[PDB]
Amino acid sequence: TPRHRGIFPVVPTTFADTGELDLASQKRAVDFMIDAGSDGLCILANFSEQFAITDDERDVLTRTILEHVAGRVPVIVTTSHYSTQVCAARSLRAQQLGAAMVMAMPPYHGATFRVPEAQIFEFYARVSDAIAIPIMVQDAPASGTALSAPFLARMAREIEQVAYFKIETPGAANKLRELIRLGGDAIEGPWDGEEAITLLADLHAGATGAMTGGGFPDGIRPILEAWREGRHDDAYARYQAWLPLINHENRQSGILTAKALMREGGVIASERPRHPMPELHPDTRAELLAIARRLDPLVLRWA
């Protein structure tokens, strides 16, 4: 039934050492992630350092990546913004350029600006009225906004284009179960995230998609395939094999994991983050590569 399933890794934003956008590295990283087996791509998400770029750069990347994907895989464009009209504009802007789906945090700002449920509902309702592609609601700690399972289900049933969900708050597996139980057939895509650290538990709960990091979709995807085909022991086997790398990305190297792997493999030219995000500790990067070389991922043997 669902339009979109599988692994949809987050595309990192590639900068040159000057801090400017490095679009040549950007298309190569997309090509690798496509060649790695991704069922799709999510762009301008938090692992893309979206908070560190400008509206103009955000426009450049939505055209650059979408035109370079050329229809190979579906693309999820992250369009989060406090203003409803801005988010609807970006979302409509994304669909015209060929986006298959838009993802949006609830409206929020910083540590103190929160939006009541009634206006959060209006926010997603009006973005849904503006576009013809489905909306993925992001339930992540960065928003500091509580989206209960009953409220999430209510939006999927009462708002047409609300159909997908990225549950990455603590206890996502239990929340995924309740989201599916309460939303019924309006929950088209209950997905998890957080670099697939709880993927095994979430697949038990009914997750049909995973928004992972971009470093090694090839290493994670067979877990979902083995889960869909009922090969649960193969699922635990691959999960246990790649869990130390997943755990290192989730806890140590963080956002810069994919870029540090893509740079060591010659996929992109510079793994630098945009200042002032701290760069990777040399030992943290050393341990990341040590773990990654026990698993032989495509990123280190692609260029």
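From 1 onward, residues are counted along the sequence shown.
Engineer: According to the deposited model, is the average Cα temperature factor higher in 85-93 or in 138-146?
Structural biologist: The recorded data point to 85-93.
Engineer: Can you tell me whether 69-77 has a higher mean C-alpha B factor than 121-129 in this record, or the other way round?
Structural biologist: It is 69-77 that shows the higher mean C-alpha B-factor.
Engineer: Sort 275, 238, 248, 263 by C-alpha B-factor from the entry and give me just the highest.
Structural biologist: Spelled out: the listed residue with the top C-alpha B-factor is 263.
Engineer: Could you tell me which one of 231, 204, 166, 109 shows the highest CA temperature factor in the PDB record?
Structural biologist: That would be 231, according to the entry.
Engineer: Against its chain's modelled residues, does residue 255's Cα B factor rank lowest, middle or highest third?
Structural biologist: Lowest third, going by the recorded CA B-factors of the chain.
Engineer: For the chain shown, is the CA B-factor of residue 173 in the lowest, middle or highest third of its modelled residues?
Structural biologist: It falls in the middle third of the chain.
Engineer: Hey, what third does residue 216 fall into on Cα B-factor, ranked over its chain?
Structural biologist: Ranked within chain, residue 216 CA B lands in the middle tercile.
Engineer: For residue 47, does the deposited CA B-factor place it in the lowest, middle or highest third of the chain?
Structural biologist: Residue 47: CA B-factor falls in the middle third of its chain.
Engineer: Classify residue 100 as lowest, middle or highest third according to the C-alpha B-factor given in the PDB entry, relative to its own chain.
Structural biologist: Residue 100: CA B-factor falls in the middle third of its chain.
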